[PDB]
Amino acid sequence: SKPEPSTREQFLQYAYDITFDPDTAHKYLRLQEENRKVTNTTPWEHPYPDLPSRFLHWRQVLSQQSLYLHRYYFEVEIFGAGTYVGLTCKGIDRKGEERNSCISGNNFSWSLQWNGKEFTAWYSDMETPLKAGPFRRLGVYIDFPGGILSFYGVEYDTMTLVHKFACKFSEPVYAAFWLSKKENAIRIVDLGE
């Protein structure tokens, strides 16, 4: 196993293309920019086909890509109180009304919330208030073999650690996004250039 990354340049060696999966998106979420932008447009709903994959209650969407057995890095730009960014497993219950169907409410999902005043780390209904931020751009690092999920505030070439989770990774994971409030928006940064 390599040295852990330190500089933005080192994280960018693990740059991985993420896109939102329209088959998962809650109807109150609009996808744009070739599935690299998601907005909560409540009360404007979008005519997605009914699918078993689609979230019913929670305003969530997953990545098309799964992450399994390597190191990965992607950046997102986030806007609005009530956004969560994290990881989950395919088995997350898409139709569930309970918090076990949201990415802050079960033992196989890990997430970072911006609540309007602070960042908060979530795992299985347990919350950890955090000091760092706010930051409009986050870097999300997944070391699948090393059982690490870490979030950084990115400003120019500076990276400020927001939180580092220790994760017991077994299954493939998906990036997971929850836009709980009207006008919440998340863009996947094109790290291509």
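Don't overthink the numbering: it's just position in the shown sequence, from 1.
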{"item": "Entry-level comparison of average CA B-factors, 7-15 and 171-179, reporting the higher stretch", "value": "7-15"}
{"item": "Stretch exceeding the other in mean C-alpha B-factor - 139-147, 56-64", "value": "139-147"}
{"item": "Among modelled residues of the same chain, the CA temperature factor third for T41", "value": "lowest"}
{"item": "For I188, the third of its chain into which the C-alpha B factor falls", "value": "middle"}
{"item": "Third assignment of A132 from its chain's C-alpha B-factors", "value": "middle"}
{"item": "CA B-factor placement of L161, once the chain's modelled residues are sorted into thirds", "value": "middle"}
{"item": "Position of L31 among the chain's modelled residues by C-alpha B-factor, lowest, middle or highest third", "value": "middle"}
